[PDB]
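Since the structure comes first, as C-alpha cells, the remarks are kept for the end.
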Amino acid sequence: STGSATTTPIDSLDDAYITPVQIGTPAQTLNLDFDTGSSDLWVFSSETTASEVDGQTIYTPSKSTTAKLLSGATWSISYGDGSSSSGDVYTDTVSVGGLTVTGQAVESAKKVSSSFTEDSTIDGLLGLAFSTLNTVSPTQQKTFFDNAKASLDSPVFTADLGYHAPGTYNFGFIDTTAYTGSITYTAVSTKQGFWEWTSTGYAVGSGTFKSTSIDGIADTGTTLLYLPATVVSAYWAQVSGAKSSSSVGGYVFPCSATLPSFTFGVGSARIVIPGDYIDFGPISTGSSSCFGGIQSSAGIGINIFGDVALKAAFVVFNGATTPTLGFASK
C-alpha cells in the first residue's frame with residue numbers, strides 16, 4: 001500500500017505545516033502537524049478542557065463506531081518550545097492520504113498548554129519519530145508509520161515541504177519526479193529515538209564549504225534551523241546589522257537586509273537553503289527588526305534540522321531494519 005497527502009503551511013511564515021488526517025468511522029478529518037521529532041498521535045477532542053479549545057476541530061470518540069477506549073492508558077508530553085499536552089487513549093482507524101491503519105493509538109487531549117490553544121489551525125500532532133519515544137503509559141504505543149510499515153510497498157515516508165506553498169508527505173514510495181539529481185543517503189542513530197544524523201559541514205552564501213561534523217535531528221515539527229553557536233555566528237556575521245538579542249530570544253536582523261543562502265552537507269552532497277527561507281519577518285507587527293531562521297542550539301542540547309532546512313530538500317525517512325535518511329535537492 002501507499003499514501004499521499006498534501007501538507008500546507010499554517011501561516012505566511014511557514015511556522016508549521018498541517019496535513020489532513022481521517023480518524024474514526026465515519027471519518028472525522030483533523031488537520032495535524034506531522035512531527036518527525038516526536039512519536040505521539042494526539043488530538044484536540046470532546047474531552048479537552050473547554051476553556052483550552054479555541055477554534056480547533058475536535059475528535060469525538062463517542063461518534064466513531066470503531067473507537068475503543070484503551071483501558072487505563074494515559075499520555076503526557078512536552079516539546080522543545082515548552083508546550084505540553086496530556087490525556088487518555090483510544091484506538092481507532094486512521095487514514096492519511098489513502099493509507100489506512102486500523103487500531104491506531106489516538107491520544108485524546110484532556111489538557112493542552114496555551115500555545116496549542118492559541119493556534120486555531122493545528123488540531124493535533126502526528127508523530128513520526130521512533131516509537132521508543134511514545135509517551136503512552138503503562139503500555140507504549142506505536143506510531144502511525146510503525147503500524148503501517150509492514151503493509152507499505154517500501155518501508156519509507158518522504159517529506160517534501162514547500163516554501164510559502166503546499167507540499168507533500170508520501171508513505172510507502174519515493175516519487176522520483178519530486179526532486180532533482182540523486183538522493184544522498186546518510187546514516188541514522190535511533191539511540192535517542194530521533195532521526196539523528198551527521199551533516200558533513202556548511203557554507204554561508206558563496207563562501208567556501210567548511211568540512212565539520214554536525215550531529216542533529218531531522219525534525220519537521222520544529223520551525224527553524226538550530227545549529228552550534230560557532231556556525232550561527234558565522235552566518236549572521238554576513239548580514240549587516242544582525243545581532244543576537246537576549247530580549248527577543250535570538251538573532252535578529254534589519255528587515256531591509258538581503259539574506260545570504262546557507263548550505264549544509266549530506267555526505268559529499270550539498271543542500272542550499274535560499275536566503276529568503278531564513279527570514280521570519282518582523283519581531284512584532286510593524287517592526288523593522290526581523291527574526292532569523294537560523295538560531296543557536298546552545299542550551300537545547302541537540303542540533304535541529306527543522307523546517308527551514310528540510311523544506312530546501314526532498315527528504316526520505318527510510319524505516320528499513322537499519323534506518324537511514326536521504327536528501328535530494330528539488
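Chain lettering (A, B, ...) mirrors the order of the C-alpha cells, residue numbering begins at 1 for each chain separately, and ligand numbering begins at 1 in order of display.
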- request: If you run DSSP over the backbone, which residues in region 86-326 of chain A end up strand (DSSP E or B)? Put them as a ChimeraX atom specification.
  value: /A:86-96,99-112,124-127,137,156-160,167-171,184-187,189,196-204,210-218,225-227,243-245,250-254,262-266,269-273,279-282,289-292,294-296,303-305,314-318,324-326
Go ahead and save the residues from that selection, with C-alpha atoms, as a compact mmCIF listing (two decimals), in the first residue's frame.
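What landed in out.txt:
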```txt
# COMPACT_ATOMS: atom_id res chain seq x y z
CA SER A 86 -1.87 15.13 28.11
CA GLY A 87 -4.89 12.86 28.29
CA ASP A 88 -6.20 9.36 27.69
CA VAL A 89 -6.13 7.00 24.71
CA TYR A 90 -8.42 5.39 22.18
CA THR A 91 -7.67 3.03 19.37
CA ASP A 92 -9.38 3.84 16.09
CA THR A 93 -8.99 3.74 12.33
CA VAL A 94 -6.65 6.40 10.98
CA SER A 95 -6.07 7.21 7.32
CA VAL A 96 -3.55 9.54 5.72
CA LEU A 99 -3.30 4.81 3.60
CA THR A 100 -5.28 3.20 6.41
CA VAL A 101 -4.19 1.82 9.77
CA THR A 102 -6.68 0.06 11.98
CA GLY A 103 -6.13 0.01 15.74
CA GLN A 104 -4.01 3.15 15.78
CA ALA A 105 -3.49 4.75 19.18
CA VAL A 106 -5.27 8.10 19.05
CA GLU A 107 -4.29 10.06 22.13
CA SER A 108 -7.16 12.29 23.23
CA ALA A 109 -6.16 15.52 24.95
CA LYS A 110 -7.74 16.39 28.27
CA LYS A 111 -5.30 19.28 28.75
CA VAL A 112 -3.23 21.35 26.33
CA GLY A 124 -3.14 17.86 16.99
CA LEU A 125 0.15 16.13 16.19
CA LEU A 126 1.05 13.00 14.28
CA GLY A 127 4.42 11.78 15.48
CA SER A 137 1.68 4.55 29.83
CA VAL A 156 9.63 4.65 3.90
CA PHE A 157 7.95 8.00 4.10
CA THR A 158 9.04 11.25 2.46
CA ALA A 159 8.71 14.90 3.43
CA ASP A 160 8.54 17.49 0.67
CA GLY A 167 3.97 20.26 -0.23
CA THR A 168 3.57 16.54 0.22
CA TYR A 169 4.01 13.66 2.65
CA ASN A 170 4.18 10.29 0.90
CA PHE A 171 4.12 6.89 2.55
CA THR A 184 22.12 11.01 -1.00
CA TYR A 185 21.59 8.65 1.90
CA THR A 186 23.25 9.05 5.26
CA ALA A 187 23.42 7.02 8.49
CA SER A 189 21.25 6.82 15.02
CA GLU A 196 19.51 11.67 14.14
CA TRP A 197 22.26 12.05 11.56
CA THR A 198 25.56 13.84 10.96
CA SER A 199 25.89 16.65 8.44
CA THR A 200 29.31 16.93 6.84
CA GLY A 201 29.52 20.70 7.08
CA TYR A 202 28.26 24.06 5.89
CA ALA A 203 28.79 27.15 3.77
CA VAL A 204 27.46 30.70 4.08
CA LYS A 210 33.63 24.12 5.94
CA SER A 211 34.01 20.38 6.48
CA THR A 212 32.88 19.65 10.02
CA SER A 213 30.60 17.02 11.56
CA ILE A 214 27.29 18.39 12.83
CA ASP A 215 25.12 15.83 14.64
CA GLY A 216 21.45 16.74 14.59
CA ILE A 217 17.89 15.61 14.07
CA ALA A 218 15.64 15.86 11.06
CA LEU A 225 17.31 25.55 11.93
CA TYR A 226 19.22 25.26 15.21
CA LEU A 227 22.98 24.79 14.90
CA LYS A 243 22.83 40.69 16.26
CA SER A 244 21.82 38.23 18.93
CA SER A 245 19.16 39.80 21.12
CA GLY A 250 17.78 35.02 19.26
CA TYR A 251 19.35 36.56 16.23
CA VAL A 252 17.51 39.44 14.64
CA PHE A 253 18.41 41.41 11.56
CA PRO A 254 17.32 44.58 9.75
CA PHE A 262 23.10 28.63 3.83
CA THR A 263 24.40 25.30 2.55
CA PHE A 264 24.57 22.09 4.58
CA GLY A 265 26.39 18.89 3.70
CA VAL A 266 24.86 15.46 3.31
CA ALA A 269 26.22 16.33 -1.48
CA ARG A 270 25.06 19.84 -0.67
CA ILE A 271 21.61 21.26 0.14
CA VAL A 272 21.22 25.01 -0.40
CA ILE A 273 18.76 26.95 1.74
CA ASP A 279 13.51 35.41 7.01
CA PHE A 280 10.81 35.03 9.69
CA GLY A 281 9.61 38.59 9.48
CA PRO A 282 9.13 41.43 11.94
CA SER A 289 13.72 44.22 13.15
CA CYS A 290 13.21 40.76 11.66
CA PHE A 291 13.63 37.35 13.28
CA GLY A 292 16.23 34.98 11.89
CA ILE A 294 18.95 30.11 11.80
CA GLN A 295 19.45 30.16 15.56
CA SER A 296 21.87 28.75 18.10
CA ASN A 303 21.15 20.46 16.82
CA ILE A 304 17.84 20.55 14.95
CA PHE A 305 17.40 20.47 11.19
CA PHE A 314 13.21 16.23 -0.69
CA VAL A 315 13.73 14.08 2.41
CA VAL A 316 13.45 10.30 2.67
CA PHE A 317 12.81 8.79 6.07
CA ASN A 318 13.86 5.20 5.41
CA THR A 324 18.70 5.88 7.03
CA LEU A 325 17.88 9.39 5.82
CA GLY A 326 18.02 10.56 2.24
```
- prompt: From the set A:18, A:300, A:309, A:234, which residue has the shortest atom-to-atom contact distance to residue 79 (chain A), counting only C-alpha atoms?
  reply: A:300
Interatomic distance (Å, one decimal) between CA of residue 150 (chain A) and CA of residue 98 (chain A): 15.9 Å
Selected residue of minimal separation from residue 175 (chain A) among A:330, A:78, A:36, A:136, counting only C-alpha atoms: A:330
From A:230, A:66, A:38, A:176, residue lying nearest residue 131 (chain A) [only C-alpha atoms]: A:38
From region 41-283 of chain A, collect each residue whose DSSP state is alpha helix (DSSP H) and return the set as a PDB file with N, CA, C and O atoms, in the first residue's frame.
```
ATOM      1  N   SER A 114      -1.080  26.622  26.615  1.00  0.00           N
ATOM      2  CA  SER A 114      -1.616  27.822  25.985  1.00  0.00           C
ATOM      3  C   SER A 114      -1.225  27.964  24.514  1.00  0.00           C
ATOM      4  O   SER A 114      -2.024  28.441  23.705  1.00  0.00           O
ATOM      5  N   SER A 115      -0.013  27.555  24.148  1.00  0.00           N
ATOM      6  CA  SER A 115       0.406  27.755  22.766  1.00  0.00           C
ATOM      7  C   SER A 115      -0.433  26.923  21.806  1.00  0.00           C
ATOM      8  O   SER A 115      -0.631  27.326  20.670  1.00  0.00           O
ATOM      9  N   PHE A 116      -0.916  25.768  22.256  1.00  0.00           N
ATOM     10  CA  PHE A 116      -1.769  24.935  21.413  1.00  0.00           C
ATOM     11  C   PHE A 116      -3.149  25.575  21.314  1.00  0.00           C
ATOM     12  O   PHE A 116      -3.704  25.703  20.229  1.00  0.00           O
ATOM     13  N   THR A 117      -3.691  26.003  22.448  1.00  0.00           N
ATOM     14  CA  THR A 117      -4.987  26.669  22.459  1.00  0.00           C
ATOM     15  C   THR A 117      -5.003  27.859  21.513  1.00  0.00           C
ATOM     16  O   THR A 117      -5.969  28.057  20.781  1.00  0.00           O
ATOM     17  N   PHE A 144       1.952   5.879  13.733  1.00  0.00           N
ATOM     18  CA  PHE A 144       1.232   5.571  12.519  1.00  0.00           C
ATOM     19  C   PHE A 144       2.144   4.901  11.502  1.00  0.00           C
ATOM     20  O   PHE A 144       1.754   3.911  10.875  1.00  0.00           O
ATOM     21  N   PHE A 145       3.359   5.424  11.337  1.00  0.00           N
ATOM     22  CA  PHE A 145       4.306   4.842  10.384  1.00  0.00           C
ATOM     23  C   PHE A 145       4.691   3.431  10.788  1.00  0.00           C
ATOM     24  O   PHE A 145       4.747   2.537   9.956  1.00  0.00           O
ATOM     25  N   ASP A 146       4.945   3.240  12.077  1.00  0.00           N
ATOM     26  CA  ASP A 146       5.369   1.945  12.585  1.00  0.00           C
ATOM     27  C   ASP A 146       4.264   0.916  12.322  1.00  0.00           C
ATOM     28  O   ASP A 146       4.536  -0.198  11.863  1.00  0.00           O
ATOM     29  N   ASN A 147       3.016   1.304  12.579  1.00  0.00           N
ATOM     30  CA  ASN A 147       1.877   0.415  12.339  1.00  0.00           C
ATOM     31  C   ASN A 147       1.681   0.118  10.854  1.00  0.00           C
ATOM     32  O   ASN A 147       1.298  -0.992  10.501  1.00  0.00           O
ATOM     33  N   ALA A 148       1.949   1.096   9.992  1.00  0.00           N
ATOM     34  CA  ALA A 148       1.707   0.929   8.557  1.00  0.00           C
ATOM     35  C   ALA A 148       2.813   0.186   7.834  1.00  0.00           C
ATOM     36  O   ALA A 148       2.600  -0.348   6.751  1.00  0.00           O
ATOM     37  N   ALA A 229      26.711  27.424  18.025  1.00  0.00           N
ATOM     38  CA  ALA A 229      26.871  28.867  18.098  1.00  0.00           C
ATOM     39  C   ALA A 229      27.927  29.384  17.143  1.00  0.00           C
ATOM     40  O   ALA A 229      27.785  30.469  16.601  1.00  0.00           O
ATOM     41  N   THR A 230      28.979  28.601  16.929  1.00  0.00           N
ATOM     42  CA  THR A 230      30.039  28.989  16.016  1.00  0.00           C
ATOM     43  C   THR A 230      29.506  29.142  14.588  1.00  0.00           C
ATOM     44  O   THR A 230      29.811  30.110  13.889  1.00  0.00           O
ATOM     45  N   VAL A 231      28.707  28.171  14.158  1.00  0.00           N
ATOM     46  CA  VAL A 231      28.126  28.151  12.812  1.00  0.00           C
ATOM     47  C   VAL A 231      27.161  29.312  12.629  1.00  0.00           C
ATOM     48  O   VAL A 231      27.178  30.009  11.607  1.00  0.00           O
ATOM     49  N   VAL A 232      26.299  29.497  13.614  1.00  0.00           N
ATOM     50  CA  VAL A 232      25.291  30.539  13.547  1.00  0.00           C
ATOM     51  C   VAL A 232      25.923  31.931  13.541  1.00  0.00           C
ATOM     52  O   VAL A 232      25.475  32.824  12.818  1.00  0.00           O
ATOM     53  N   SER A 233      26.972  32.120  14.339  1.00  0.00           N
ATOM     54  CA  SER A 233      27.683  33.389  14.362  1.00  0.00           C
ATOM     55  C   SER A 233      28.302  33.663  12.997  1.00  0.00           C
ATOM     56  O   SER A 233      28.255  34.788  12.495  1.00  0.00           O
ATOM     57  N   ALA A 234      28.891  32.641  12.390  1.00  0.00           N
ATOM     58  CA  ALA A 234      29.464  32.807  11.054  1.00  0.00           C
ATOM     59  C   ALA A 234      28.420  33.211  10.021  1.00  0.00           C
ATOM     60  O   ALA A 234      28.709  34.002   9.122  1.00  0.00           O
ATOM     61  N   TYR A 235      27.219  32.655  10.119  1.00  0.00           N
ATOM     62  CA  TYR A 235      26.146  33.033   9.202  1.00  0.00           C
ATOM     63  C   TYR A 235      25.769  34.506   9.393  1.00  0.00           C
ATOM     64  O   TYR A 235      25.789  35.292   8.447  1.00  0.00           O
ATOM     65  N   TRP A 236      25.415  34.883  10.612  1.00  0.00           N
ATOM     66  CA  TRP A 236      24.859  36.213  10.853  1.00  0.00           C
ATOM     67  C   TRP A 236      25.896  37.318  10.713  1.00  0.00           C
ATOM     68  O   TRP A 236      25.536  38.462  10.460  1.00  0.00           O
TER      69      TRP A 236
END
```
